[PDB]
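Here's a solo chain for you in C-alpha cells, the form deposited in one PDB entry.
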C-alpha cells in the first residue's frame, strides 16, 4: 500500500523525507507557505550582477557524515570550499575562529603553540571567559558580538552556543573541523529542486498548512515551528531574527565572504559578500548584505532559537502536547526548537524516513519524534 503523505515545508527536512518515501512508492504532497522552495537554504542569482545570493544568510555545507556527503553529491556538484572568516575590531583585521595568528597578532607576540597556552593560562583567571581567556581578549571578540547577537548581557549564563566554534593553538583558520566541506556549484535551490524531482512528489507553494487537512492523509511530517502548530497556546518560543540590508558594489567590497564586526558600537553584526562563495565564477558587480540581529516578533522570520531557561520550560509544554498526537511527526530546527546545520538536518531526515518505512513493514506505530528532544 502506498500511503498518502503530507509534508509541511520544502527545505531540507521536507525535501529529503519526501524523496525517500516517494522512492518507495508513497504519494507525497509537499507544501510551503513561501513563494519558492528550499527553506532558509534557498539561494538565487541577483538579476543586475548575476551573483548567486544566499538569501537567508551565508550557507556553507560541512559534515563528518560520509553518507550525507555522498547523498548530496548525487544531487549537485560539490565545489571545494573553505570558510575563512575575518573580523574587524579595534582598528585591526583578524582571522577567526580564534587561532594562533589571532593571539599573536592581538598581543603583538611571536608565540609558538605551547608558548601561547602558557600566555593564555596567565591572562585568564561571562564567567567561562575571564578564567580561560582573559580580560583583554574577552572584551575584544566576544562581549560586543554576543550582546549584538543574542541581545542580553554577557552577564547571563554562557557555557553553550559559542562552542560551535573551535579555539586553536595552531594556524588553522578553517571555521569548521569537519572532514567534508563544499559549496554546490549551481546552488542549494537546484540541489533541492533535484531532490524534489520525482514523479510521486507534488509541490505547492504559497500554501499555508491548515489543521483541517490532517484527516486526508495517512501521515503528516511537519517542519514548521512547534509552537505555531499549537496556536501558540502557551506562549511564543524565543527566537532571534535577522534583517539584511542589501546593496550593490562595482568591485570587491571587502575581499572575503564574511567579515564580522565585534564592536557593539557598530550596528550590523557582519557583512557578507556573496560572490566570495562562488570563487569558480567571476563577477564585476558585487551583492552584499549588512546583517542586523533583533528579537523575533510575530511577523519576522525565526532564525536562532534562544533556549535559555524559560524557553526550555515553555518548550517542554509543547513537547508533552505533541507526545499525544497520532499521525504526525515533527522534524527540523523549527519543528524541534534546535539549531541544526544542513548536514545534521539531512541526516535526521533520512533516518526519519527510514523509521517510517520500517514502521509500515513491521506494522508498528510511527513515533512523533525520531530524535531526542526531552
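Positions refer to the first chain, counted from 1. Rigid core here is just the name for the largest C-alpha set that superposes within 1.5 Å across the two forms.
Below, we refer to the form deposited in another entry, which is not included among the displayed structures.
Legend entry - Listed options 163, 135, 246, 216; Cα moving by 2 angstroms or more between the shown form and the other one (core superposition): That would be 163.
Legend entry - Pair residue 61/residue 162, Cα separation in the other form versus the displayed form, closer or farther by 3 angstroms or more: Result: farther.
Legend entry - Sense of CA distance change between residue 71 and residue 163 in the other form, threshold 3 Å: Compared with the form shown here, the C-alpha atoms of residue 71 and residue 163 sit farther apart in the other form, by 3 Å or more.
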